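Residue numbers (the deposited numbering), protein chains in the order written: chain k, 2 to 71; chain 8, 2 to 50; chain R, 2 to 68, 89 to 145; chain U, 9 to 106.
We put the beta carbon where it would ideally sit given N, CA and C, even for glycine.
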Amino acid sequence: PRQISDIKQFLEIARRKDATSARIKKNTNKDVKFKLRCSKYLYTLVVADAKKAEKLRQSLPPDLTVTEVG
Amino acid sequence: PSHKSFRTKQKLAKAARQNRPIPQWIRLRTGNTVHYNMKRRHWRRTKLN
Amino acid sequence: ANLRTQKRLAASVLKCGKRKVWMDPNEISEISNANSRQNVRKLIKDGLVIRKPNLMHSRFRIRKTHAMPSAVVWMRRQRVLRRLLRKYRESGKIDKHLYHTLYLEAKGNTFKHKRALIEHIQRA
Amino acid sequence: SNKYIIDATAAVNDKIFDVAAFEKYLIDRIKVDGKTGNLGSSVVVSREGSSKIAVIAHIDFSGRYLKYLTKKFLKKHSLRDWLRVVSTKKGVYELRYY
RNA sequence: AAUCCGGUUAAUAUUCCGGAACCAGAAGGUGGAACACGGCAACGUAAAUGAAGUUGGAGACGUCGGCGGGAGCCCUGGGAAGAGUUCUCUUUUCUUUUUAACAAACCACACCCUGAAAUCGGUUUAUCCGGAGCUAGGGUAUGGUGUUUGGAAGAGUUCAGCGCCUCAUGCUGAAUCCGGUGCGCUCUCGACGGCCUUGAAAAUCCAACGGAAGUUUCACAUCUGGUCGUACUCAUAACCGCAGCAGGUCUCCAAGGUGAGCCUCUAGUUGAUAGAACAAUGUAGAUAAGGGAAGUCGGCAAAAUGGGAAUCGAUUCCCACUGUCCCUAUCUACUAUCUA
């Protein structure tokens, strides 16, 4: 499991064909955890703002399967 | 033990089948003296060796 | 009837000991019918089988009744004397030339308490 | 700072103990620093309405202590077998039947 | 060479399920890479050709002692939930309060650079280092470490409520927090100090020298991993003793208190034909008035708590002690008695 901090790279892993599913987690500190399942590693991204949480959600490609709070 | 070889297991397998009760229909045949088992073993009794 | 297997399963699903497993005495019929672990968990949820709570070692009287190596004293005393003598170097109270002598005496157990080492600093 | 509220709606409905009786019992048995009625300004007990008893304390106040104090009155009233104290939420207590 | 967590069965779990990883081998495609550079240096990087031949290291290793670190257990405070106590005092008493493999970054014994020391300095718990470079400053590297996160709360756990003829067994709220302490127990690590007997083998992997020929030792992705064992007991009943034999057996984990013993917590048993009555005898124990070895080949055994002086552990003596004895009596358990 890798922790990814750069937003764009998480987009480019998502656009990679190896990506299969992504999980959205709502933590008690109002952090949302984008957990992208890949072949070898589970890439997680913690973004602090609720609105960057949202514009990220539909910027994910529609083919990838997003999942609500796990 | 829990580390037996295949040959040991196979020998155990048929030794477990040998000491089974005889079907009744073979007894019910005519001219068949077989009416019981004289090769019945028990684990606590005589060892397979 | 017979409830050996039901008690064994009850302990298995409750993750406790079968001594602590409590099985209701006037629902024997329903408990006996409950044979698989799914049925046993059903009994757990309905409360027919309850896990008895733990006992206590009563630290209360243990506290009530509650209320030396020769090397360990030097083990910590040498630490405090050295760890104080080291900061006096950085504080500038004693130069390195005199500290070398002072640290050499401190091995010889010239002082027995930290205040005793302080009187030497006051003398010098 | 902290707010501790013990609801008395069930007790009022069942006529087991009035809010005035609960307030009087709290005043006469508040062992704050070992002295009854020594709450002062750090802790203030102000029952809002005849359905609950609320205490706002600027110092430490144990919910377990409040539950124990409430259970003390239940033993005197001999109604312990009829009602038990539960914690609906943090800093909140209530009495419910069996 | 390489796997952990949770759950599942009437019976299997590091094997099954869900999730998250690792190792080895094999080829390619895309992108970046170009017989490469930056740091005076202790070095470093996504890459940074290496045919043959030559070479070394890891693997590959005794025993004791102290020190410091970590992990788990134990102790403990504040808080939270549940249970016990109550006229009185007790913000009480008891139970529970968890974070795996695997990843990422950060983060001090050895070395180097500036420095050139004595006025000898630094400095180990345990006096060693240094003209073979001291102190100091700055870096270098192995970085279990924790410093945060992923795993991961969605898990597990403790509560409260609801869903309803009902295989309705799901649904909803919370909490699972903040610390302290160690000559404590177990496991383990590192710098050291001793005892010197200086302490196996291979595969595999790695590295260096080497100099024939004018885009991998990078990242991602893909495929595969055959075979056999896996239940159960490991014993006052599953092995061996003819036997469900008071015996014999290799080994891991091991809480608390009072202070080696006793009582318990978790866990596990209540197992061994039983009932009635205390005859004689016997076994096992204790107490005994006054005397104190008078017993016996003899202080055998108990009591003094065993001990004082002599002679060669033994002997003797004086003191001391006592049911050995005068002189037996009493009490308890078992057996014997009766019964199924």
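Unbroken beta strand (DSSP E) run spanning residue i, endpoints
i	result
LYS36 (chain k)	33–38
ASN33 (chain 8)	Run containing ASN33 (chain 8): none; DSSP gives neither H nor E here.
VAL48 (chain k)	43–48
residue 1 (chain k)	Residue 1 (chain k) lies beyond the stretch modelled for chain k, which goes from 2 to 71, so this question has no answer here.
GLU102 (chain U)	100–105
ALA62 (chain U)	60–65
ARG92 (chain U)	91–97
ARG136 (chain R)	Not the beta strand (DSSP E): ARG136 (chain R) falls in the alpha helix (DSSP H), residues 135–144.
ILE51 (chain R)	50–52
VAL52 (chain U)	51–53
Own chain partners of residue i with C-beta closer than 8 Å, once the 5 adjacent residues on each side are dropped
i	result
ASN34 (chain R)	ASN40
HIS36 (chain 8)	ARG28
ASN130 (chain R)	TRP95
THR44 (chain U)	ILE35, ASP36, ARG37, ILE38
Of the residues the options, the one placed nearest residue i, counting alpha carbons only
i	options	result
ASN36 (chain R)	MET89 (chain R), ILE115 (chain R), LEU10 (chain R)	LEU10 (chain R)
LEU34 (chain U)	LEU77 (chain U), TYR12 (chain U), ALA65 (chain U), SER86 (chain U)	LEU77 (chain U)
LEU82 (chain U)	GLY57 (chain U), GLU56 (chain U), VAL40 (chain U), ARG104 (chain U)	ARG104 (chain U)
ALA16 (chain U)	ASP41 (chain U), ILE61 (chain U), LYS32 (chain U), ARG72 (chain U)	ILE61 (chain U)
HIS66 (chain U)	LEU74 (chain U), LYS75 (chain U), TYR73 (chain U), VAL53 (chain U)	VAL53 (chain U)
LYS19 (chain R)	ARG42 (chain R), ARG5 (chain R), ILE32 (chain R)	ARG5 (chain R)
residue 74 (chain k)	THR21 (chain k), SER22 (chain k), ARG24 (chain k), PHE35 (chain k)	The question about residue 74 (chain k) has no answer, for chain k in this structure spans 2 to 71.
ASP64 (chain k)	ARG3 (chain k), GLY71 (chain k), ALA20 (chain k)	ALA20 (chain k)
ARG55 (chain U)	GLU31 (chain U), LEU74 (chain U), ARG88 (chain U), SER86 (chain U)	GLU31 (chain U)
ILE142 (chain R)	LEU123 (chain R), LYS128 (chain R), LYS43 (chain R)	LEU123 (chain R)
residue 73 (chain k)	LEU57 (chain k), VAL67 (chain k), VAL70 (chain k)	Residue 73 (chain k) lies beyond the stretch modelled for chain k, which goes from 2 to 71, so this question has no answer here.
residue 73 (chain R)	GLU31 (chain R), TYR109 (chain R), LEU105 (chain R), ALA137 (chain R)	Because chain R is numbered from 68 directly to 89, the model contains no atoms for residue 73 (chain R).
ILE38 (chain U)	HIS85 (chain U), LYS75 (chain U), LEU91 (chain U)	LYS75 (chain U)
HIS121 (chain R)	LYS133 (chain R), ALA68 (chain R), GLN7 (chain R), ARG103 (chain R)	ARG103 (chain R)
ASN27 (chain R)	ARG98 (chain R), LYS128 (chain R), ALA2 (chain R)	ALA2 (chain R)
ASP26 (chain U)	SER70 (chain U), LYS79 (chain U), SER58 (chain U), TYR106 (chain U)	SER58 (chain U)
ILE23 (chain 8)	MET39 (chain 8), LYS5 (chain 8), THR9 (chain 8)	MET39 (chain 8)
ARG72 (chain U)	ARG88 (chain U), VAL93 (chain U), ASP89 (chain U)	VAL93 (chain U)
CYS17 (chain R)	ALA137 (chain R), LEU125 (chain R), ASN55 (chain R), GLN99 (chain R)	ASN55 (chain R)
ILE115 (chain R)	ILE29 (chain R), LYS133 (chain R), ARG62 (chain R), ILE139 (chain R)	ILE139 (chain R)
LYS84 (chain U)	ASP68 (chain U), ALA29 (chain U), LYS11 (chain U)	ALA29 (chain U)
Range covered by the alpha helix (DSSP H) that runs through residue i
i	result
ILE8 (chain k)	8–16
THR122 (chain R)	117–128
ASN10 (chain U)	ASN10 (chain U) -> not in any alpha helix (DSSP H); beta strand (DSSP E) instead, spanning 10–15.
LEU106 (chain R)	91–112
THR9 (chain 8)	7–19
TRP26 (chain 8)	25–29
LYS84 (chain U)	71–85
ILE63 (chain R)	60–67
Heavy atom of the ligand SAH within 7 Å of residue i beta-carbon
i	result
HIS85 (chain U)	You won't find the ligand SAH in this model; it holds no ligand whatsoever.
Contacting residues, own chain, Cβ-Cβ under 6 Å from residue i (five flanking each side not counted)
i	result
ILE5 (chain k)	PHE11, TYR44, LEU46
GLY42 (chain U)	none
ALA18 (chain U)	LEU103
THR68 (chain k)	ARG24
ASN21 (chain U)	none
Residues of its chain near residue i, where Cβ-Cβ distance is below 7 Å and the 5 sequence neighbours each way are ignored
i	result
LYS8 (chain R)	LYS19, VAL22, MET24
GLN19 (chain 8)	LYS40
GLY71 (chain k)	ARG24, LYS26
At least three beta-carbon pairs within less than 8 Å, the segment 88–98 of chain U to the segment 47–55 of chain U: no
* Using 8 Å as the threshold, is the segment 11–20 of chain k in touch with the segment 31–39 of chain k, meaning 3 or more CB pairs across them? -> yes
Original post:
Does the count of Cβ pairs from the segment 20–30 of chain R and the segment 40–60 of chain R closer than 8 Å reach three?
Top reply: yes
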